[PDB]
Each structure stands twice: as structure tokens, then as C-alpha cells.
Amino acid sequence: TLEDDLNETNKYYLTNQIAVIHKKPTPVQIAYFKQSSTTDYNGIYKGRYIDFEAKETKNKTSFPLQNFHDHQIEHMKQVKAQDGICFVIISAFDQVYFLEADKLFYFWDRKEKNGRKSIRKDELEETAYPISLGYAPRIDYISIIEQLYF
């Protein structure tokens, strides 16, 4: 489960003073569950604002785009206009991928022209970066941020 794995990654980065990244809790209107209008994960690494969402699927062929909603994407685009580090982490096809926000916007924006509602495996492998899994941290997405931004 991606969410547990990111909890333990995030604790590991905090505890070792590498980064300070938290998952925002589910909103509750006071009671009922609401739909957040942002991504769930944000925080700081080396001065910079880091913002992402994280989704997994068991589909063997493609990642359904509806795992995300428009408010997430719109927030991500607002983050990008402020020069934030913003992306998604996708667990699919026995791997875990870091997909830059620009690339996710490409897939999101074309989903209405021809019914392309999923990112195919080959489409994801071409556009996204495999993240190295280990024991600790579990999902080392900060090393991708280091490679691409520092």
C-alpha cells in the first residue's frame, strides 16, 4: 500500500532531517467527508516547496486518470506558476514512478479529445522516472528531486 509506504518514507526523511513533508488529513465538514481542493502531500526540502499526490493501481495495462480530480490538477498548475516542485507518484506495473506535473498535464488535458482516460504502461515509462525502492527510505522520491532540481 502506497500510502503506508509514503508514511514511512516521510517519517524517515523527517527523523533524519532530510526533509519535512506531511500528508494533509481528509477534510471533514462538521459530520461528513469532503473532497479536498489540493494535493495531499506537501512540504520542504532545501528551501523549496514540494507538493505531490500519490495513487496506485492494480491495472496491468494502464493507470486510470480518474484516480485524480480536476481540483488536484488545478492546484498543481497554480503551484507550478509559483515555481514549485510538483509531481505525482504512481505505483503501477510492479514499479513506482515520479511523473513531473507538466507531463501529467499533457495526459489530463487530452483525455476529452478521444477518450484516452488512461496512461498506458509504455506512455508512463517514456515520460516518468522510476523511483528506487528500498528498506529505508521505502520510496526514495527525494533522490529524484535531487537529480532533477539540485
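In this text, residue numbers run from 1 along the sequence as written.
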property: Residues of the deposited sequence that sit between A31 and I30 yet are not modelled; result: 10 or more
property: Of 57 to 65 and 111 to 119, the one with larger mean CA B-factor; result: 111 to 119
property: 21 to 29 versus 8 to 16 - which carries the larger mean C-alpha B factor in the record; result: 21 to 29
property: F52 CA temperature factor, ranked by third within the chain; result: lowest
property: Assigned third (lowest, middle, highest) for the C-alpha B factor of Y106; result: highest
